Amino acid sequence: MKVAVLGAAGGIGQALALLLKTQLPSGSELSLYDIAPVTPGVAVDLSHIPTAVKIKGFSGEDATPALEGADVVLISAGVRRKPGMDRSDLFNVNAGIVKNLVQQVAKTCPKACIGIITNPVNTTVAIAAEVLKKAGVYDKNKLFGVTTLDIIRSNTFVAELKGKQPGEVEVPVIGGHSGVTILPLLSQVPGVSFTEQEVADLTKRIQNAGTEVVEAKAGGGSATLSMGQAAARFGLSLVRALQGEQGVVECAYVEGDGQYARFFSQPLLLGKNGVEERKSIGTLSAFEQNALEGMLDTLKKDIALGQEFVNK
């Protein structure tokens, strides 16, 4: 398998690259790309770690060399927000970056599985889909908005609340990735029960977790190391499925049946061709039903902002 990381010199890209270098299967290839001129030296740095994964780094305006033969492309380029901003406030600076990079993907490796990490994901995935459609190359089973950080945050917060082992709790999270559209399905967590006060408090903590890190870094950026971890988990799940492993399921933001919104994060069975099946969100508590109904107008405005950008 070959995995390309676009945005490899940033805080997220370097943590991701380190985890992938040490965790990809033997025989894998990793290519790193950023316009930052340090990028080939980030690759030489990593190439000294004794694992059977070839790594090369590329710089400049042209990502083609990084993209040739890529099976998975992970896009983490983009600016972080500062204290007092929302994710959607990043649209002006990051929209053009995603458009440019996905055009290069569309020409060089149109059959690759593409994971978008760039903020605000609810909108940037819609930009990517429209770029791919305009190129005549869009496959809705191969475009993912990476929401895995919401999952592993939920796993941590639940285990600590409930005295469980963090490695042993998995919570489904649906919706999107913004303060209003992150919906953890606490009613579906096996072996644990919550009071209604616990549900309200946890859902708050989970929805505002990104802001809590931005506040705690005090102008020094947003979550990088935990986001590197979360993206490495998603990328490894992708690589396992593409290699033929059975029963790999992850929640991601994907174009689906449109029953809630055009793009929506839900549980997915992954296979050799991207998403194999979009699984049912199951039965919702009254709290969860209410939260889902309340987010829908905000989500489809997020989506419409991305489509507008590409199409007007």
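Start at 1 and count along the sequence shown; that's the residue number.
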Can you tell me which stretch has the higher mean Cα B-factor, 272-280 or 33-41? 272-280
Using the B-factors recorded in the PDB entry, average over the C-alpha atoms of 291-299 and of 12-20, then report which stretch comes out higher. 291-299
Highest-ranked of 172, 235, 219, 176 once sorted by CA temperature factor in the record: 219
I'd like to know which of 155, 181, 197, 208 has the highest C-alpha temperature factor in the PDB entry. 197
Of the three thirds of the chain ranked by Cα temperature factor, residue 51 occupies the lowest
The third of the chain into which the C-alpha temperature factor of residue 265 falls is the lowest
Taking the entry's C-alpha B-factors for this chain, is residue 190 in the lowest, middle or highest third? highest
Splitting the chain's C-alpha B-factors into thirds, which one does residue 201 fall into? middle
Chain thirds by Cα B factor, record data; residue 150 belongs to the lowest
